[PDB]
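Presented as C-alpha cells, the chain that follows is alone, the form solved without the ligand.
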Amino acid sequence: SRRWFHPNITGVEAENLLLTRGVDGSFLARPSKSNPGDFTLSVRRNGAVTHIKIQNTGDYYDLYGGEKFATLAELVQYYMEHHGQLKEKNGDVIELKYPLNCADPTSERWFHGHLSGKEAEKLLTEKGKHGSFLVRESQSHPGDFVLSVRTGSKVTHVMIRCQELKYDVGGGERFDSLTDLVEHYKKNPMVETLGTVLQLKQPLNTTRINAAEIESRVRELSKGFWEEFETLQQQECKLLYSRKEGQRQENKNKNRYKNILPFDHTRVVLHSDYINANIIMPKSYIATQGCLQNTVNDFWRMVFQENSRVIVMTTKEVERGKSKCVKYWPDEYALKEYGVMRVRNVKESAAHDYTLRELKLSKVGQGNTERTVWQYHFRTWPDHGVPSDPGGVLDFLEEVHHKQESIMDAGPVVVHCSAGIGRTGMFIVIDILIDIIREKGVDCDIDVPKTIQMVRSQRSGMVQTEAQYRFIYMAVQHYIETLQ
C-alpha cells in the first residue's frame, strides 16, 4: 500500500514509533540518512528494533542479508509471504507481519500544501477535467486543509478539519490520515445539497508541461526532484502484477537475479519459451537482463524471432568488479553458433562514448534468414551516479534512433544492462520522450513521471534512482535547447 514507507522520518523516530505504536513483527521503510540513496527496513522483534540497509546504486535494491529486488513494494510483498527467508545475524529470522502506516500525505499525487485557494482554482481550471481534485493546507484556518474538486463547469471546496491528528469533513467518520479520508470519498462520493456528486476520480496533474518550458520547470524542481520522484515511487503498489512464469523451478536458473522477474502479461515468449524480458510499448522496445552463460542461445533466438535489428547495451561487461553481462557476441571478424543461431561480427567502430558492432544473424542451416543486427555498446557510464553531461547519451540515442529508422520493418529495439530495469529504463524513457518531440516539434506536452509510470506497468521498476530521474529531465531539456 506504500503506507509502510515513511518519507520524512528519522532513525530514532522510527525506533520510537515501532516501540510505542508497533509490536513484534511491525515494520516500516524509510530513506536512510546514513548516506542518501540508501533506504532502511526498520523492524521490531523481541521488543527491540533492528534497522536493515537496502542499497540502490542504479541497478536494483539490494537488501543486506536478503535478495535483490526491482521495487521496495516487491521486496515487502516477498517477505510478507515467504516467511523464514529474511534473516538477521546471518541466523536469526525476522518476520514482516504488520506494516506500520504513515499518515504523512506529502507523497500523494493529490497532495500539495503551500497552495492558495485561488492558485488552486486556476490550475483546476487550466489543467483539470471532471473528477480532478487536490488537497491543500488551509491558510484562513491554519492547521486545517481543503479539498478542491472540479466537476468538468464548477469548482467546489470542502473544508477538512484536523482535530488531534484525525481528519473529518465536518461530520461522519474521523480518519487516521488524509489518505484514508481521500480513499473513503473516492469510493463513497459526497453529494451537495442540490444534487451534484463530488467524484474524486484523478488527482490534478502537476507534472505535464509544454516542452518549450522545460528550462523553466527544471529550475523550479532544482530548489523538488525528490518530492516528485518519491510521489512516483508511492505509485508502485498499483503495479504488483503477476510474475509466475519466471518463478517456475524450470525458469529459476534463467534469471540473473531471482526476484527480478518479467511480468506475465508483457513477457517475451520464445517459440522452452522463457526469457527474462518484456515488450515495452509507449517505436516499441524490449527490455531484458544481461545474458547469462546459459541464456545466450535464448537471447539470440529472441532477437531473431522478433526481427529486432538494433540492440542497445548500457553496461560494460564488468563494473565495480562485478559481472553485469557476459560477452554474447563474436570477436571482430569471427563467427559463432549459439545453439541454432549463428552470428558473424562483420565490423566494429569505436566512437568516444560507445562502440558499434555490425553483426550478421541467422538460423543455422537457413542462410536465406540472414539479417544485419546493429549493436550499440555504451561504454562511458560512470562508476557512481549518472553522467554530468547528457550530450553523450543523447548523441548515442539519436544515432540509435536513425539506425532504427533507416531499416524497413525492423522489430523492437532491444535494450539491456544487468537487471534490465535501471539504465535500461532510463534509456527507453528518454527515447520515448524525444520521439514525441521529433514528431510534434517543440510545441507539445511531455510528462516525465507519468511516462515512467506507464513503462513501469510493463516491466518492474524501470528507472531506479532519483539520480536517473533527474538525468532524464536534463537529457530532454538538453535536446530541447539544442533544437534552437
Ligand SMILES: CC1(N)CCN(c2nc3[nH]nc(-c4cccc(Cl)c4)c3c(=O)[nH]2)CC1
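Position 1 is the first residue in the sequence shown; the rest follow in order.
As for the form deposited with the ligand bound, it is not shown, yet the points below apply to it.
- In summary, among the residues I214, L232, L178, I275, the only one with a non-hydrogen atom within 4.5 Å of the ligand in the bound PDB entry is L232.
- Of the candidates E108, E358, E306, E399, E108 is the one whose heavy atoms come within 4.5 Å of the ligand in the bound PDB entry; the others do not.
- Remark: of stretches 191 to 199, 283 to 291, 100 to 108, 324 to 332, the one touching the ligand in the bound PDB entry is 100 to 108 (heavy atom within 4.5 Å).
- Contact annotation: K450 falls within 4.5 Å of the ligand in the bound PDB entry, judged by heavy atom distances.
- Mapping the unseen interface onto this chain, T206 counts among the residues with a heavy atom inside 4.5 Å of the ligand in the bound PDB entry.
- Interface residue remark: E173 is not counted as part of the site for the ligand in the bound PDB entry, having no heavy atom within 4.5 Å.
- Among residues of the shown chain, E348 is not one whose heavy atoms approach the ligand to within 4.5 Å in the bound PDB entry.
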